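Undergrad: PDB entry and its sequence, pasted below:
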Amino acid sequence: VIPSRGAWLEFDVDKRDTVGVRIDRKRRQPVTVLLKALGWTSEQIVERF
DNA sequence: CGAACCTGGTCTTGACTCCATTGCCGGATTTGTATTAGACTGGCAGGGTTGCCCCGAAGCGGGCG
């Protein structure tokens, strides 16, 4: 998700199935980190995904 | 036949000129330092891009005392 004048973010898929959410080129932290960081609960994560 | 001469220099003496060369001296400018009393208290800031390779370091699975 490359913008004009901003920071980057990538949602890869590893050799395993853990979707890596490397933000501003600081690799780790699968998607639930960003989702519950956004305020999403495990119920809504189960519902949409 | 000798003799003046006339003129190359070779050199000196004496007066004159003229400009460096310090030397103060008075002032001009140049450069350095000190001091300003209301109150003020943790940066802006700019980008992330290749490919390939080597190798050294961090961290994690996996057994072991």
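TA: The structure has been received and is ready for your questions. Residues are numbered from 1 along each chain as shown, chains lettered A, B, ... in the order given.

Undergrad: Any residues of chain A in contact with DNA strand B? List them.
TA: Residues of chain A lying close to DNA strand B by Cβ under 7 Å from any atom of the strand are A:5-8, A:24-25. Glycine gets a C-beta too; all of them are placed from N, C-alpha and C.

Undergrad: export those residues to a markdown table and tack on secondary structure?
TA: Converted to a markdown table, the residues of chain A next to DNA strand B look like this (DSSP: H, G, I helix; E, B strand; the rest coil):
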| residue | secondary structure |
| --- | --- |
| A:5 | coil |
| A:6 | coil |
| A:7 | coil |
| A:8 | coil |
| A:24 | coil |
| A:25 | coil |
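
Undergrad: Could I get the phi/psi values of residue A:18?
TA: Residue A:18 has phi and psi values of phi -110, psi 110 when expressed as degrees, to the nearest 10.

Undergrad: Now for it: which residues touch it?
TA: Residue A:18 is in contact with residue A:30, counting by Cβ atoms under 8 Å, 6 or more residues apart in numbering.

Undergrad: how much space between it and residue A:10?
TA: Distance of residue A:18 to residue A:10, computed by Cβ to Cβ, to the nearest Å: 14 Å.

Undergrad: do the same with residue A:32
TA: The value you get for residue A:32 to residue A:10, if Cβ to Cβ is used, is 16 Å.

Undergrad: Same check on residue A:31?
TA: From residue A:31 over to residue A:10 (counting by Cβ to Cβ), the distance is 12 Å.

Undergrad: quick one: common contacting residues for these two?
TA: With Cβ under 8 Å, 6+ apart, residue A:31 and residue A:10 have common neighbours residue A:21.

Undergrad: Residue A:43 belongs to a helix?
TA: Yes. Per three-state DSSP, residue A:43 lies within a helix segment.

Undergrad: and it, how many neighbours does it have?
TA: 8 (other Cβ atoms under 10 Å).

Undergrad: what does the one 3 residues further on give?
TA: Residue A:46 sits with 8 neighbouring residues when counted by other Cβ under 10 Å.

Undergrad: Would it be right to say that it lies in a helix?
TA: Yes. The assignment for residue A:46 (three-state DSSP) places it in a helix.

Undergrad: residues in contact with it?
TA: No contacts exist for residue A:46 under Cβ under 8 Å, 6+ apart.

Undergrad: Right, I'll call it a day here.
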